[PDB]
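Peer 1: Take a look at the following structure, please.
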Amino acid sequence: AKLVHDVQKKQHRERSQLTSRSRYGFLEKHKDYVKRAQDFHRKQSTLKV
Amino acid sequence: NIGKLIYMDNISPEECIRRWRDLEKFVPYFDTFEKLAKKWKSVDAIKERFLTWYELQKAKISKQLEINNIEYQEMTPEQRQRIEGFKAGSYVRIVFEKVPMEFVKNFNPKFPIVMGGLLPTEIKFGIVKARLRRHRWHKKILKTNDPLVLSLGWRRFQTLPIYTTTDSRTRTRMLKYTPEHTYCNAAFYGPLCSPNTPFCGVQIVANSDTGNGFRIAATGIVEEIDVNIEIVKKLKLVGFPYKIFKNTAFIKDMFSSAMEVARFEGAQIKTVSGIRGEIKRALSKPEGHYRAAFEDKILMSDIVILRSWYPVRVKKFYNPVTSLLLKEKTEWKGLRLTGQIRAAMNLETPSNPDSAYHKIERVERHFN
Amino acid sequence: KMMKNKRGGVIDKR
Amino acid sequence: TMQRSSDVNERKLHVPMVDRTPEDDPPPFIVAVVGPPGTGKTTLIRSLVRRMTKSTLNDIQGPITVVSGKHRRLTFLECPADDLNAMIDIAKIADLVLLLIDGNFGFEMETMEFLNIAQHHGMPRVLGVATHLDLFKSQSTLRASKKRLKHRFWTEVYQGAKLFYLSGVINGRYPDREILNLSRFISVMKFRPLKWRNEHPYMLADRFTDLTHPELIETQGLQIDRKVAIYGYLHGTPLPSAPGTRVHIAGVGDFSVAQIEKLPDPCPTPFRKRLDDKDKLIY
Amino acid sequence: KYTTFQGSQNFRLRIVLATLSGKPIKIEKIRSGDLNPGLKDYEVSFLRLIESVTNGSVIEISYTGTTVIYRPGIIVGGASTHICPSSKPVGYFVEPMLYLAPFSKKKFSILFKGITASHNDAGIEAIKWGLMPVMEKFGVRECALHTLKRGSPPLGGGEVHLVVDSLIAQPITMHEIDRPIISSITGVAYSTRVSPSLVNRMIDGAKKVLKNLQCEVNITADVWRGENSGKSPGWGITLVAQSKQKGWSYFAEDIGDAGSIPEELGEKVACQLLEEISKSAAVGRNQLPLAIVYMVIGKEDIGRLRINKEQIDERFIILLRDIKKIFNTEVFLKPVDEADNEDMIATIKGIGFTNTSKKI
Amino acid sequence: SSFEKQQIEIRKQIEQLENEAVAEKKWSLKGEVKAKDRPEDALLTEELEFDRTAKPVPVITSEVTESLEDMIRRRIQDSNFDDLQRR
Amino acid sequence: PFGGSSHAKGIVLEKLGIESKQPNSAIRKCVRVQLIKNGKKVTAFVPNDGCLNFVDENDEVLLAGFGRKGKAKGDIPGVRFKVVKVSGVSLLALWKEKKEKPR
Amino acid sequence: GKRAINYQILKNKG
Amino acid sequence: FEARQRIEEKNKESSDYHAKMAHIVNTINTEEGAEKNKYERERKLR
RNA sequence: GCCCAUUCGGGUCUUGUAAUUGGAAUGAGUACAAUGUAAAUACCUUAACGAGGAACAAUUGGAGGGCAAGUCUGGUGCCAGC
Ligand SMILES: Nc1nc2c(ncn2[C@@H]2O[C@H](COP(=O)(O)OP(=O)(O)OP(=O)(O)O)[C@@H](O)[C@H]2O)c(=O)[nH]1
Ligand SMILES: [Mg+2]
């Protein structure tokens with residue numbers, strides 16, 4: 001941090017699943033999706049082999 | 001003689017030329033070609049018409065100033081009344097008609113009576129686009145469409161600003177508060193000053209509510225003036241999947257009708273996972289339900305998002321303070337802040353229950 | 001697109 | 001010493017702007033005395049005008065223009081200390097600011113608010129004046145708070161502004177030695193031209209009347225928007241003499257001028273040398 | 001509320017100076033005692049051009065068409081196009097835009113579409129070579145009238161791209177206390193949809209009148225071939241006299257019509273130019289309006305410009321009366337202190353103008 | 001007085017937009033508008049803009065069909081076409 | 001660089017790169033300044049986009065050399081100077097709100 | 001009635 | 001129809017902006033790095 | 001936990017924690033005085049009070065991250081960059 005304020009590089013908090021849509025648990029976000037997608041891709045790669 | 005003839009404006013202009021001796025037509029009046037031919041067969045009438053940096057700028061401006069003086073040294077009612085008029089240090093009486101009763105009635109000589117001359121710009125109203133800043137010692141953040149009293153030029157006036165951002169210079173879209181420690185843009189309906197003029201802004205000008213804190217709230221300069229601004233407030237349309245396949249899904253409720261989906265066909269949506277997508281066709285029997293195609297298989301626990309933009313309007317509200325027309329001349333009260341209105345009529349502050357953040361804990365992610 | 005950011009207009013009462 | 005000469009000769013260079021202040025008969029420089037309610041001001045304006053014009057001006061009101069030099073005359077006025085509105089107006093039109101600080105209590109938010117409003121509307125010259133130097137027996141804490149006020153004042157004005165120290169009041173007003181060299185500080189100040197002031201024709205009003213008709217008030221009955229004459233010196237750019245010039249009277253609204261009759265100078269400066277006590281005038 | 005004028009004279013100058021000054025005007029009795037009374041179509045389309053250029057200005061034509069109410073607004077510019085009617089050429093609409101041109105938010109990039117020339121109006125070469133240099137030394141530096149194609153009357157069909165792209169704050173104060181020495185005399189002879197020999201006939205007539213003065217004469221020649229020629233036959237000639245040490249210029253133009261001899265038109269425009277040189281001093285009789293308009297909307301200083309005796313006329317002083325009627329300023333004509341000629345030096349103290357539309 | 005009726009019309013718009021500020025939002029300024037949080041089909045009457053994935057399929061017009069038509073007129077006039085050649 | 005001095009005073013013409021769509025890009029934090037000594041127009045940086053809204057126009061800036069310690073990534077090599085003051089007030093102090101810019 | 005200054009305006013550790 | 005028009009005007013705007021920014025970047029590069037290298041060249045003589 | 005090393009790795013060892021908690025210490029400050037001195041200041045001597053965020057609130061500069069249903073740019077999906 002050379003010219004950055006610590007009140008500027010704050011922590012944005014992430015949002016939860018809506019309580020009306022709560023039976024489908026855990027609204028998944030981009031880290032969860034990439035954990036899903038690269039698993040699918042490595043298993044499709046070994047299936048293709 | 002000729003200047004008095006020109007500005008004596010009860011006689012016709014041809015009478016001015018007659019007793020000295022029309023612009024849609026651009027080219028001027030010439031003689032007949034034959035008269036001009038016999039006049040300019042000769043040529044000899046006009047044969048003599050034919051044939052450091054800082055101190056430099058200061059020298060140019062002092063040269064202009066000595067030109068000003070040596071060309072002012074002229075007729076006395078010309079200089080001292082009408083060609084420049086009342087330079088500085090002249091003691092004048094100045095009469096205003098239709099001054100309000102309350103000034104003469106409540107004239108208390110402690111409070112100074114200042115007057116300033118408005119330019120051609122500063123009598124115009126409209127949207128002023130500033131860049132402003134919460135003042136570093138003002139405690140509370142500022143809110144859009146809460147009034148604050150600006151001191152913009154000679155005028156002090158309470159207005160309703162709306163703080164904007166040009167998010168990486170694409171929109172000019174609408175914030176809901178000013179930032180904590182930097183500048184934002186702003187736009188307020190007020191008297192159009194020139195650009196590059198600075199201003200202060202104050203939440204509270206009275207003394208019954210003067211509290212213990214710092215009273216000046218906003219600082220800024222004026223970037224631009226205009227008669228209209230085009231600023232936007234993001235609205236997203238959220239809908240949920242109810243029938244998912246590979247690479248395509250049926251999305252439930254962001255629309256109420258197939259006419260609405262037909263209006264919005266081809267639009268790019270995305271889930272909250274950032275999976276991009278596009279809406280393709282409205283389904284027939286369930287009305288607002290449609291078929292979208294995504295980058296890959298979305299889940300049943302997702303929400304799709306259509307980021308759109310709704311235009312928002314500045315509120316044409318303007319009251320100047322007129323503090324000298326009061327019997328107290330402090331204790332001026334204008335529009336209240338929104339927290340003051342809620343505290344007055346005891347309405348609780350609006351709380352969306354699913355807008356509040358939580359402490360999310362990840363479950364471990366294992367696959368088959 | 002011509003109307004979008006205008007604020008004036010001639011008022012032809014003829 | 002050549003590098004010193006270059007780096008010192010560099011900081012003479014500034015942005016070349018116009019002046020628009022005349023050299024023959026300049027207006028009286030507007031001196032605004034600004035303080036929180038309860039320090040100096042009245043006593044200070046009285047003491048300065050008594051030293052300047054040899055005239056006990058008990059019970060002041062309004063702007064007070066005196067002649068304090070051979071060519072520098074200046075106008076004294078006092079802000080009402082509770083009004084941020086009058087604070088804002090005299091911040092926008094003042095040329096010199098005598099910034100009253102209760103040195104026993106310390107800095108205060110009224111003088112801090114004036115300093116920020118002036119800083120944003122075109123910071124005039126500011127001479128800080130710290131009174132109430134009756135701290136305790138402790139001349140040690142007198143010197144300590146003296147230094148702390150000077151440094152905190154130096155972070156708000158340029159580093160090297162003048163903080164002045166007034167001792168206790170003696171017989172109704174301040175010690176005349178201290179007011180003598182305070183006026184010595186006011187007499188050399190070397191004002192630099194601002195921007196809003198030097199593209200705008202403004203005027204502080206030292207005289208006010210309504211030239212309405214009292215039997216017209218008897219006819220219509222006190223609801224009348226009545227005409228008003230406003231007398232004073234005008235500063236800045238030349239205000240044009242034709243009727244109909246638009247004017248904001250800062251606190252009552254927007255008007256246009258009807259007629260201007262310029263008057264001979266009520267407080268004129270007279271034509272090494274010294275200033276005669278005959279010519280130390282007061283208006 | 002409204003400054004009131006009478007009659008349909010100086011109509012473009014009234015609307016232009018109202019846009020500069022920001023003052024609401026009324027123009028009353030637009031040819032009311034006439035058989036077809038009211039505003040004509042070319043000045044109505046000029047009002048539409050004003051609504052294109054500005055923003056937030058409300059123009060309010062009456063029922064009978066004989067009075068107009070102009071409440072002006074902010075000059076914003078932008079890119080546009082104007083399909084002006086056949087009653088007036090593109091010069092009638094690009095001449096009043098050269099006043100409003102450097103004082104807008106966004107730079108002027110307009111292309112006008114219609115007839116190029118007229119007997120009683122400004123041409124492309126007139127606008128360019130005469131009226132651009134006086135702006136070029138009043139403060140603007142990037143201004144250009146391009147011809148993409150040109151159309152002679154009556155059918156026309158020529159487009160003209162006016163682009164100004166120096167947005168100055170205010171024009172500088174003029175100081176021309178001299179008569180500028182004419183260094184050269186050049187020109188342009190144009191012809192569309194006719195034979196290329198008419199241009200050389202025009203050039204030879206103009207230069208055989210000009211041959212007895214001991215300066216240097218140079219007339220450039222353009223025939224217009226193809227789609228750039230427009231829909232009608234036409235030809236014309238425009239001469240300028242060029243003071244090169246300061247940049248001043250004095251122009252004269254005309255166009256031929258059905259039955260016109262090109263040597264006759266060339267010698268006529270040559271003699272008309274020499275008479276403009278005679279009746280001129282540091283401006284032209286037609287460059288004088290926007291010269292003193294930029295002097296009156298300069299800074300709040302004194303700007304002085306030399307003029308001669310014969311440039312004073314009913315047009316010039318009705319210009320001065322309209323200037324004082326709108327923003328209350330006078331010109332001071334002081335005579336020079338040498339007496340082989342009658343030249344005044346008009347000193348105008350400019351109003352305190354800035355352009356407040358350009359974003360900072 | 002004159003300032004009195006100025007002050008009461010000022011106070012009128014003071015009151016109406018202070019209880020605009022207290023009172024309930026428009027739906028269109030609020031984000032995350034679902035289907036059940038709107039006037040039912042307020043969106044046809046909305047004039048709302050957004051972005052799309054790809055340029056949609058071109059509607060064939062008389063001018064574009066005569067564009068490629070006189071294109072192939074030029075092409076088969078000068079016979080500058082491209083086929084295979086025998087080996 | 002400036003001749004014989006270490007700093008130089010200058011006049012802000014216009015914020016170059018004000019339409020750059022990337023925050024804290026070297027094109028964006030990049031100001032054009034007319035030096036007052038010899039009149040020539042140079043180009044200077046500023047510490048960030050956040051302190052870019054302390055200069056507006058004809059601001060009496062003060063500018064020193066830059067001193068790149070290594071070939072940067074998003075650089076534009078060919079701008080030599082950095083803005084170190086504005087209207088006689090250090091804009092690092094302005095950026096951390098220790099002073100207020102006077103006008 | 002004395003609106004005393006506070007610590008962030010006094011010590012100015014911005 | 002609005003789809004095709006909006007897409008092609010956004011493409012035109014982006015292609016104009018990229019040209020403008022690249023132009024100002026390498027004009028600042030060329031006609032000021034020449035002066036940087038000229039100062040370095042006449043500082044290497046000292 | 002720490003240390004070395006381009007890599008794989010290797011070497012070593014009571015080390016941590018906005019965890020609780022305890023009574024002692026006094027100094028800046030506030031102040032009795034007396035001394036000093038023409039007198040007063042100051043030095044010297046000195047009873048009383050004076051610490052838990054000991055808030056009785058020291059800075060300055062550097063290195064590196066990490067985050068959003070956020071924004072921007074590029075293009076050979078889910079990426080790269082800013
Ligand atoms: N001890 C002491 N008292 C002072 C000093 N200066 C002013 N005062 C007192 O301040 C009291 C209040 O009156 P002013 O000083 O005139 O008040 P002001 O500063 O004009 O402020 P306002 O009351 O708001 O008008 C006076 O009666 C003075 O005795 C000073 O240096 N020392
Ligand atoms: Mg008082």
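Just so we're on the same page: first chain in the structure tokens is A, next is B, and so on; residues restart at 1 for each chain, and ligands are numbered from 1 in the order they show up.
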As a quick test: using only C-alpha atoms (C1' of nucleotides) and all ligand atoms, which residues lie no more than 8 Å away from ligand 1? Give them as a list in words.

Peer 2: residues 35, 36, 37, 38, 39, 40, 41, 42, 43, 44, 80, 81, 82, 131, 132, 133, 134, 166, 167, 168, 169, 172, 173 and 174 of chain D

Peer 1: With C-alpha atoms kept, could you save the residues just selected as a compact mmCIF listing (two decimals), in the first residue's frame?

Peer 2:
# COMPACT_ATOMS: atom_id res chain seq x y z
CA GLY D 35 -14.64 35.72 17.46
CA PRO D 36 -16.70 33.31 19.52
CA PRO D 37 -19.18 35.11 21.80
CA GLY D 38 -17.37 36.43 24.84
CA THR D 39 -13.88 37.52 23.79
CA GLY D 40 -12.34 40.79 22.63
CA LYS D 41 -14.21 42.14 19.56
CA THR D 42 -16.09 45.24 20.96
CA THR D 43 -13.31 46.11 23.44
CA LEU D 44 -10.86 45.44 20.59
CA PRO D 80 -22.50 38.61 15.36
CA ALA D 81 -20.89 35.60 16.91
CA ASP D 82 -23.84 33.20 16.85
CA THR D 131 -6.69 37.37 24.35
CA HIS D 132 -7.41 36.28 27.95
CA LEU D 133 -3.76 35.83 28.88
CA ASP D 134 -4.55 35.61 32.58
CA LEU D 166 -3.06 40.73 24.05
CA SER D 167 -2.67 41.03 27.80
CA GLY D 168 -5.44 41.78 30.28
CA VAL D 169 -7.91 44.58 29.71
CA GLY D 172 -12.28 49.29 29.63
CA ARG D 173 -9.95 48.48 26.73
CA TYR D 174 -6.63 46.89 25.86

Peer 1: With 12 Å as the limit and counting only C-alpha atoms (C1' of nucleotides), what residues in chain I lie close to chain J? Please list them as a PyMOL selection string.

Peer 2: chain I and resi 14-15+17-18

Peer 1: Distance limit 7 Å, atoms considered: only C-alpha atoms. Which chain C residues sit that close to chain E? Return them as a list in words.

Peer 2: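 Selected residues: residues 6, 7, 8, 9, 10, 11, 12, 13 and 14 of chain C.
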
Peer 1: Taking only C-alpha atoms into account, which residues of chain I are within 12 Å of chain B, as a PyMOL selection string?

Peer 2: chain I and resi 1-4+6-7+10+13-14+17

Peer 1: Give me, as number ranges by chain, the residues of chain A that a backbone DSSP run labels alpha helix (DSSP H).

Peer 2: A: 30-48

Peer 1: Can you work out which one of F:69, F:78, F:4, F:15 has the shortest atom-to-atom distance to chain D, counting only C-alpha atoms?

Peer 2: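 Looking only at the distances to chain D, the closest residue turns out to be F:4.
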